[PDB]
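Before any questions on how it binds or moves, here is one chain, the form deposited in one PDB entry, in structure tokens.
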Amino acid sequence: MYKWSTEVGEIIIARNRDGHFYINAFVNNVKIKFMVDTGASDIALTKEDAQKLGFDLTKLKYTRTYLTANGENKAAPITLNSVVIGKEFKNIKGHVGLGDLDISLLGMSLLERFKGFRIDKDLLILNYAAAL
């Protein structure tokens, strides 16, 4: 008996009345709430979410420019071992900023890894396929 199966799934999210789309993901088994931002490339974590994930903020090195302001400027790049939104994605790029971030952001780099990603007016539709 050789057995193989694929899970083909969808997640549909209705636009919030505030005009944004939000999505809950499990990042290293921890539920984190993201705002979808098509202007973001990698994930942007709030300091509070980074700490929930067990990052030591004092050890991070802040080398990744994420703002055009002088002064407060660089975020610390991180890699997220596991991000589960329907399927599991591995080693996802992110950074942690400096504390002005109200809510963590999910950007195009992760979104573009879904088989399908569409924003159609008031809906966001994600289609995926995972082995097993």
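One-based numbering along the sequence shown. Between two forms, the rigid core is defined as the largest C-alpha subset superposing within 1.5 Å.
Peer 1: Do the C-alpha atoms of 105-113 or of 15-23 have the higher average B factor in the entry?
Peer 2: Per the deposited B-factors, the answer is 15-23.
Peer 1: For the stretches 42-50 and 55-63, which has the higher mean C-alpha B-factor as given in the deposited record?
Peer 2: The stretch with the larger mean CA B-factor is 55-63.
Peer 1: Which one, 35, 69, 78, 32, has the peak C-alpha temperature factor per the PDB entry?
Peer 2: Spelled out: the listed residue with the top C-alpha B-factor is 69.
Peer 1: Comparing residue 73 with the other modelled residues of its chain, is its CA B-factor in the lowest, middle or highest third?
Peer 2: Residue 73: CA B-factor falls in the highest third of its chain.
Peer 1: Using only modelled residues of the chain, where does the Cα B factor of residue 84 rank: lowest third, middle third or highest third?
Peer 2: According to the entry, residue 84 has a C-alpha B-factor in the chain's lowest third.
Peer 1: Which third of the chain does residue 5 land in by C-alpha B-factor: lowest, middle or highest?
Peer 2: Tercile = middle for this residue's CA B-factor.
Peer 1: In terms of the CA temperature factor given in the entry, to which third of its chain does residue 132 belong: lowest, middle or highest?
Peer 2: Residue 132: CA B-factor falls in the highest third of its chain.
Unshown form deposited in another entry; subsequent notes refer to it.
Peer 1: In a fit on the core, which one among 65, 79, 38, 28 has a Cα that moves 2 Å or more between the shown form and the other one?
Peer 2: Going through each option, the one that shifts is 65.
Peer 1: Once the core is aligned, please say if the CA of residue 115 is shifted by at least 2 angstroms between the shown form and the other one.
Peer 2: Result for residue 115: yes, a 2 Å-plus shift.
Peer 1: Relative to what is shown, are the Cα atoms of residue 116 and residue 85 closer or farther apart in the other form, where the gap shifts by 3 Å or more?
Peer 2: Farther apart in the other form, by 3 Å or more.
Peer 1: Classify the change in Cα distance between residue 70 and residue 104 in the other form as closer or farther, relative to the shown form (magnitude of 3 Å or more).
Peer 2: Result: closer.
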